[PDB]
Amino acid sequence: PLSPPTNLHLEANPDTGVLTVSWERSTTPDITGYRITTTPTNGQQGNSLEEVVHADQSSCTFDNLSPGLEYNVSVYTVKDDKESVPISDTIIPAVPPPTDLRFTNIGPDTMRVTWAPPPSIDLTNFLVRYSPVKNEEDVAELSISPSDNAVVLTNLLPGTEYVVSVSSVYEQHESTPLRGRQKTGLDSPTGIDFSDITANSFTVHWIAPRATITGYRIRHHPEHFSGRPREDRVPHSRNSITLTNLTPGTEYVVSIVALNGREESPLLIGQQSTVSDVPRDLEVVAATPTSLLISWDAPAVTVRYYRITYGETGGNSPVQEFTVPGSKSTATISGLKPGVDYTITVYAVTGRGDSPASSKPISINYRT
């Protein structure tokens, strides 16, 4: 008779395909080979196969089994037309896990996770598990249709790294998890608000985002400007900035993004106009044959004094001028000449020194 093989070893590749069968050779000399068989346990529909090796060979592979199913493997010692009793053992190949984990559509509180499902297998479903890297025990689970290859996670914490794993499932059998990490984006700062508005400046305020950031990049500009908009880069400790050197009575678009390294958040945008430093409603209140009592409305800024100029309309010759204290918005222009159209101009001088900052002019032409 023939002594059967002993020390049977069954090795099924996780991603079911190759199943290596190994054994200690028979102790009977003069035999001609070994025959191996794989059959679904208890008698079921699957892939019952067979393979034959030489006497000197002690291993064969079954690179064609059905994952997550049980098989009984038997190896027989063969000598021509005779065979030994077999050495049998049963194995359930592992469920193939999915592969190719891609993260797309990354938002501050959401992300789309895609995978490549195991080929040629009718899974029961997929099992997605995810949690914050620094909050492992805070895990959530999702069962996905076996016909789907993606999951859009939602209601996530901004600027937070999450661990995401997708597992294939068949009946009870779950595969190894297809794992990967992905950080959510930064949420935008909110509640842009402006204060301390002047003729050439204003303070911008904003509310910090939930995510951890290192600073902000504020950018501002009026409707039309030649080159690159002026920007400011501040530390995360700042929640306001006073923009200076702005032009009077000008509308500015201010944008703020939170930053963290090369990471940026979406924009928080707003608009704010600077106060106009130009006087208004300049007019002639009273008048005589050689004078005009003019009046105007002070601009919403502190004027040191006003500069009034007057000269014959279209005269082209030097204008005459004098000042008025900032506290008063009235003036009398004496010694004029009748039958002489006079262009009267008023400027709000707000600066000091030898070259005081003055507003743009406002004038009228008088009918006399």
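We number the residues from 1 along the sequence you see.
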Tell me which stretch has the larger mean Cα B-factor in this entry, 173-181 or 256-264.
173-181
Should the higher mean CA B-factor in the entry be assigned to 48-56 or to 296-304?
48-56
Highest recorded Cα temperature factor - choice among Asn149, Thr242, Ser131, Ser226
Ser226
Would you mind checking which of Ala116, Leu142, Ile92, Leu123 has the top Cα temperature factor in the PDB entry?
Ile92
Report the third (lowest, middle or highest) to which the CA temperature factor of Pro29 belongs, ranking only the modelled residues of the same chain.
lowest
For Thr20, the third of its chain by CA B-factor is the highest
Among all modelled residues of this chain, ranked by Cα B factor, put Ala331 in the bottom, middle or top third, i.e. lowest, middle or highest.
lowest
Compared with the other modelled residues in the chain, in which third is the CA B-factor of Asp277?
middle
Going by the entry, which third of its chain does the Cα temperature factor of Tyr310 land in?
middle
